[PDB]
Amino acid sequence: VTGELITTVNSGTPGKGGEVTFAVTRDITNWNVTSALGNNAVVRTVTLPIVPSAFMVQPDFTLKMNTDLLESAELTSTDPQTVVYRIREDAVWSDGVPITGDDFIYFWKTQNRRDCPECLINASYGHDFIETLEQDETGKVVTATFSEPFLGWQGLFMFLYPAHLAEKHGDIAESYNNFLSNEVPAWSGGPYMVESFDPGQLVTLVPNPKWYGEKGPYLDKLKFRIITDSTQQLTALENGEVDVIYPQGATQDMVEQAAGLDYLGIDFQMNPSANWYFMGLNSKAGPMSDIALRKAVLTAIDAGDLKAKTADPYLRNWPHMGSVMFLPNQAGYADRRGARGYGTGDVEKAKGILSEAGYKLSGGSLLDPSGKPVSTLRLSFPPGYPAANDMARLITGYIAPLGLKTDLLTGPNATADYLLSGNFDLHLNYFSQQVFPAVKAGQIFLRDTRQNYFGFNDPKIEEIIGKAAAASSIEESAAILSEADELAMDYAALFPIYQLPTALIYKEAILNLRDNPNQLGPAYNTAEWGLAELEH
C-alpha cells in the first residue's frame, strides 16, 4: 500500500547543486523535435529542458497548462472557435528578450502548411486549423481564430522557438530547416541551456540564469550521455557513468538485474507505455489482400498465450489491448478485437473462415481458391524489441495448423519507414498513442497518410475521424470515434496486442524523477530534478 500516485511518485525537495547524467539511445543530428527528422523521443527528451510549452502531458495522460509560461489559455468563443493565450510578463528567453506572440506566430507559420510550404515538419496536428493568429501591443495576449472546430487545441504550441533569433538566419523555411535543426541551440526558454555538445558522446546543460519558472533549476549540470547500444545502459548505470536510463523493450532479465542492484542505490519504475504493439497485415498486395485470410490468421492467433509467454511472467495484471484507436484506460475503449473472434486461438473457426472463402488444405499446405499454394508469409519486425521477436515465433506457431508458413525478417531495413506494398505480408511494430485519439487516428487510417501502412481505405472511417476531431470534449470525441474503431477492426488489417512496458532505472538520490509513460517522457519536469541532501 503506497501513498504515491502516478503523478507524485518520487517527490521531494532536493538540495542545490550537483549533476545528473541521463543515458539516451540516439546521437543528436537534428535539434528540432517538430521537424520530420527531429521527431523522436531522444530529441524530445534532450530539448524539453530548453523549449517552452503551452501545455505538457503529465503521467496520468492529462494536459497541464504551463503556468510558468502562461497566465491563462481559454476557449473564449465557438462562433468561430477562438483561443486566447495570456503569456506571463516575466516569461523571457535566455537573452532577456520577452517570450511573446512573435514566437506563437513563427511556430504557427512553420506548422500551418500555408505560410512555409518548404518547412520539413513532422505533422501539423491542427495548427493548420488556425486561420488568423494575432497579438496585442504588449505582445503578451495572443488570439487564435480557427476556420473550423478543433478538439485538440491544447496540443498546439507545445514547442516554441525563439522567433527573434530565427529571423536572423534567413526566411522562415531556412531558419526552421537549418538554424533550428542543424545548430546546437545557444538559446533557452526553459530551466536549462546547452553548455556544450560532443557529437556522439555527450550533451552538457547548465542552468539558464534567466529561467522564470516557479521551481528550480536545482542542478549545476544536467547531462545526456549517448549510449547507442541500449543493452549496455544497465552496465553504465552500475559503473556510475550515468545515473538514469530509460530503455525501451525491457525484459524479465533486465528487471531482475535492476532489482538486484538495490544495494547500490538503484531503483526503478515501470508502467504501461503509450506505445502499443501491433501486427499489421498487408491489405494492399500479396496473400493478405484477401480479407478472409486476414480474418483467419487473426482468429487463429492466441492472444492469451501471446501475453502469457511474453508479458505475464514479469508484469502483473498486464492488460490486453483490443482496440486500434484507444488504450485500455482511454474513454471509448472496448475489446473490439475479441468481439470479432480475433486473438481467441480458435483454429477450427479460422479453418472455417478459410473453407468458406474457397481455400483448401492439401498435404499440410494451404491452397488459395485457384488451387495454387499460398506463398510463405513474410513477417517483418524492427530490431531492438525482444518481445516482438518472441511474438513473431509464437504467431508462426499459431498459424501453422492453417497450412501457412512464415519467413521471419528483421534488421535495419525492416522498419515501418521502409515498408512497401511489395515487401511484407505481416509486420510487428508499435504505435505511439496521443492524448487525443481522433488526432492520432487521422495520421494512421486515412488514405495517403504517413502511417497508413496496412491499406485502410474507407471514406466512412475518414468522415468519422473528422467528426471526432471536431468534437467539444474528449468524451464526445470518443463516442464518435468508436464507430471508426469498429469499422477498422472489421477490415482486419491491424491487430492490437498490448502496451509496451516502460523502464526508468535510476539512482534514488535523484528526487522528482518519475516515469511519464507517454511520448513526452520523464524529462517533462527537469526544473524539479535534484539530488537529495546528505546530513550535515
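Start at 1 and count along the sequence shown; that's the residue number.
Between 273-281 and 446-454, the higher mean Cα B-factor belongs to 446-454. Averaged over CA atoms, B-factors in the entry run higher in 406-414 than in the other of 406-414 and 148-156. Which of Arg316, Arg86, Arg294, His127 has the largest Cα B-factor in the deposited entry comes down to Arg316. Sorting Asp229, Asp425, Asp290, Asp103 by the CA temperature factor given in the entry leaves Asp229 at the top. Remark: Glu508 belongs to the middle third of its chain, ranked by C-alpha B-factor as recorded. Among the modelled residues of the chain, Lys221 sits in the middle third by CA temperature factor in this PDB entry. In this PDB entry, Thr13 carries a Cα temperature factor that places it within the highest third of its chain's modelled residues. Sorting the modelled residues of the chain by their CA temperature factor places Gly466 in the middle third. Among the modelled residues of its chain, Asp243 has a C-alpha B-factor that falls in the lowest third, as given in the PDB entry.
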